[PDB]
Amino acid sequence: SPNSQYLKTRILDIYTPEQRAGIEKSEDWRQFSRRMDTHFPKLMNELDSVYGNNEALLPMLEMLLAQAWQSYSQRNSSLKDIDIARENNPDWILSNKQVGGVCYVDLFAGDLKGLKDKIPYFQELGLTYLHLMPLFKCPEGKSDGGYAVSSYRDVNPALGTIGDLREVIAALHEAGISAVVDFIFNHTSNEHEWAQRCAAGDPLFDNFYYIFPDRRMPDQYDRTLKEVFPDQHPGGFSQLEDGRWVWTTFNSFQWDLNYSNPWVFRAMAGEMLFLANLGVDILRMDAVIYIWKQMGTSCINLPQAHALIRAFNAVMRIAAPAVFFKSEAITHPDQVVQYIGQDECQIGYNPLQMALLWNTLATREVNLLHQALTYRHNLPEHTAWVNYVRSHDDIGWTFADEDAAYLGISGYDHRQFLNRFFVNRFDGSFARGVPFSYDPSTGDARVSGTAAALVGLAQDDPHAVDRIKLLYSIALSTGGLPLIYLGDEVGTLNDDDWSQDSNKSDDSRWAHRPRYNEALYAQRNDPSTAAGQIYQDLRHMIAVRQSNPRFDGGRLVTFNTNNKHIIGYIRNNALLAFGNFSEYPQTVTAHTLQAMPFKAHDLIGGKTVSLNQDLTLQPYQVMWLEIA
């Protein structure tokens, strides 16, 4: 294998002898050269572990690092300052100061100029982090809500221009908000140029996808693949018009990119550098678990997938140190956590906590959630969870069967229950969700619907507002970067048109993707409305989280409440949180509370609470007790 110095001297060969002296003296080159020395050995080792003795490895690497230099050279000074700051503060992601939000630009604000106009509201709410849903050109009609990308460089004209996006990102930065966008790197749309050229037999785009002459290999792969959108097509493959078959994990119009080809890595690394220099702070690594395939396996969570992401990481350490990764791994908890690491994805979605929040509302029993906060919450140094309550996607019940079994719970039977409960097919349920991707091979299903819909707000259940408050309280206080699904903070209900819209009718996820509700947002300062109560509740919890150092960092220790309806945990040995998941009053006894100070201030309700006696929580009450 080559070395950092060799590669750098060749990178510099593009310059005249005179220019070259100016380059090597420059501050940009000095930073690049030391980051090369520090981080290139990781890049080389990760790529070697995947591609081995591949003839194209060295040429690809040289091409990539030449592009990395050009990119860093071009990178504007303000981003270069953020590079230095995050280079010396790996734990910026772990600060209690951070609170995130996510929205569709079109649905929430019409277009990018409109989004820029909403930035004062984001500041009002207290966001420091904003994820904008996929922005770029995609097929008209059905594009999986923009996740079928037809060009990585062209903004969807309905949203505006690439210049508009650069301005939004600058404006977010001026408002103290990090910009977060999707890195859609497992697949492109079938109308993407790479996809067209590859299928047409253009040598330049040879092996950019997985294309087969017939069903022989697809059938063999499909023996072990687990379907993602079972309504859409069987297995993992779709047929071309000419009779061939292409790997399509998701929709038929989404074709998996072939990372066994090192030129595909270079292509997407190139795209990563492009987004970096737009000033993107965090890249959402979409569908991370699918980027390596192997016959005889489920083709998810494979070792090469992890190595490839660690390779991407090193590219950012070299040419855009500010750019962090957020893992989207919705899979078994044992596998979810393997993506999270300083040298891989520094943060990742926490689907286990999310799914168990909803589980606990249904059962009123904190057993699985306590188990999860006890054994699966704490992370390696310099990493964090992203804690959420809802997202643009369905809810999957991705708790571990092994975990549940230890508690005498059958995972299969339990999911059968949860899936009936949350779509209002269980006696007494407050939930008004909609099924998604029922699967006749597994009996599996997921749940669509907004947070407000799932807690009972549609029928104005008197407990609805408190349920929302409780759920968000836990994401805001367990440790990690909390992510608000924008619209939830005023109690936004399910979309009313999705089911009869022919572009949407086969995808119930659109139920929980409503437009900005003008009426609700106008009520947000009136505490007599559900919108105002939710908003003031959440805003208060956000303010406390961000101001109070007891919430800092990602670590927690659970507290045994000895009440199966009440969750308990302690942050920084100074903040005792209780959450009552029962619709009835529930008590933590004086005996349980013996080690606590006699009195403690509750940050939620503002009162001084006695802990030297029974503590009785009202229905769905949350307490944040300052015990040190």
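Just count from 1 along the sequence shown to find any residue number.
Taking the PDB entry as given, 597-605 carries the higher mean Cα B factor of the two stretches 597-605 and 561-569.
Look at the mean CA B-factor for 162-170 and for 145-153 in the entry; the higher one is 162-170. Residues shown: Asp401, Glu241, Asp81, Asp219. Highest C-alpha temperature factor in the entry: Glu241. Sorting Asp91, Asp506, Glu365, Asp552 by the CA temperature factor given in the entry leaves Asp506 at the top. Per the PDB record, residue ranking by Cα B-factor puts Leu12 in the highest third of the chain. Per the PDB record, residue ranking by Cα B-factor puts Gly428 in the highest third of the chain. Annotation for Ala200: C-alpha temperature factor in the highest third relative to the rest of the modelled chain, per the entry. Ranked by C-alpha B-factor against the other modelled residues of its chain, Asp281 falls in the lowest third. Among all modelled residues in this chain, the alpha-carbon of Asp256 has a temperature factor (C-alpha) in the lowest third.
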